[PDB]
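Structure 1 and structure 2 below are two forms of the same protein chain, each written out on its own as structure tokens.
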Structure 1
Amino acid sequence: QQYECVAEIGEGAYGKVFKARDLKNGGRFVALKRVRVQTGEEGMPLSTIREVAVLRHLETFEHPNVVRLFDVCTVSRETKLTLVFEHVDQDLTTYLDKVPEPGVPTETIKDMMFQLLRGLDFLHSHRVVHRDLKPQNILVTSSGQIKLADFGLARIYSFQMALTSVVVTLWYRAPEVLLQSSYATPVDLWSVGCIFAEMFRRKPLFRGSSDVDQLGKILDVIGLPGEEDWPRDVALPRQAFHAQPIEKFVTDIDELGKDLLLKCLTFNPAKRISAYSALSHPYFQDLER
């Protein structure tokens, strides 16, 4: 009622995301994620609920790297569900473009990769999995601070819990996901890696068309795993497929960083480094931190 929509800043799947003003604070900008709650018969959209639930459940912790949820507006008039968040200056994809040549300075890409790992450590330490990490979901403030956004798929991860057959755009989906197998916190590490390898070269590391092409693009880099790192669980063999230096794709990456980008882009998830240990890794030994 008091939110004057200024302009769309990208649209999700079940609703666009406009940037607006409000009579609460002078001209204050709050991010507006309004979901179309069509009077089908299922009630409030599951996504809208999980998200707000998760965010609202940790808020007290006021974690630096997690975006803030301001309010939830609903007009019973279908019905219109408008979720109001905080507004950051731009997402990461936007920053990864408007940046002068030659890209981002090797130290700036280290400070965000840290901040990005600080959100995940927090998230996971509370049994939460942000199953949708991608440049478009990372908010970059002018000050340089990093915020995780769009918890639409985020959920409290518990043992023997059933899992949906899908999530993570594609170019950020983890092998195990692309294979139709189980998954957990490692999925976000795979994404962070993809996003890490993407901060140097301002462009997606594994842009693929399908599940086979994407799985192949991914392998085309890390290299065909071993008969001990492939799900025995299900689907395509390891034969389904038939080890190029990571730098060849990441325009100049520090030996320690190139070691990290691979610790995240590890095929077997159980051997994939955790956000926890990741903040201890040598690639961070000396940042203004």
Structure 2
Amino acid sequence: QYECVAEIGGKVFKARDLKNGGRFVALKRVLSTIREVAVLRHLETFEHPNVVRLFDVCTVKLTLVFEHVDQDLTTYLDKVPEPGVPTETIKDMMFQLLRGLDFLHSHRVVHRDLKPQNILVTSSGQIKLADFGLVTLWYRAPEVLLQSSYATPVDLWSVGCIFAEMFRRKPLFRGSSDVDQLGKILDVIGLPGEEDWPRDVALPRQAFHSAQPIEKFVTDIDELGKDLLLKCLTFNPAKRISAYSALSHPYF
């Protein structure tokens, strides 16, 4: 019922839904596991417009069948004609992003690895999150780098990072390792202040040595866009804005 036409990324393939007009699909071959798939199926019943459709789950290693989207945010940003993405297209794609995120969060599912490669862009220009529910550290939240907490704010830090990248069209924080990554981050937002530093991690606030204008790194950002971007990129997970309240920020 499926013919693998090409490999892409468990490992993701591009097949043809033989029983459904030969349309294209993305087959991923991959107790906790059983539970994770049950959640995926459960989330699918809500058929959210900003989450990739899960057309079916086959057994025999398990293969998940998703709708296939021709491109991701990276490809989209590679092809856009300078000066780049239209300010109103950024605003929209960001809203669609926050929309799917809040959906997942409302259901207590943390994406964990939100990055341009798994944020797909539809033929119609619709954002659809993928690769969740089952390396580059450029989108890792501070707390994850420090191995402190792992709640849902983690995904919002990633959103701030993607948001910046829609303007820059280049990653904001391009670290080479956990420590380098955390280093490049603090150069921008500045040292958090002992009060906001996890009290259980191995890396002391002392292992680093002041904040600077965000507009310097993200040119063309509005005042609202700048407010939102900073609320996302807040060092303390507890003080970081959520997707839900991000959907209500004046920026939108």
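Only the largest set of C-alpha atoms that superpose within 1.5 Å between the two forms is called the rigid core. Here, a residue number simply tells you its place in the sequence of structure 1, counted from 1.
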Only one of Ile253, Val54, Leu261, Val66 shifts its Cα by 2 Å or more between structures 1 and 2 once the rigid core is superposed, namely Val54
Determine, after fitting the two forms on their core, whether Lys271 shows a C-alpha shift of 2 Å or more between structures 1 and 2.
no
Using the rigid core as the frame, report the C-alpha movement of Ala20 between structures 1 and 2, one decimal, in Å.
3.4
Taking the rigid core as the frame of reference, how far in Å is the Cα of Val212 displaced between structures 1 and 2?
1.3
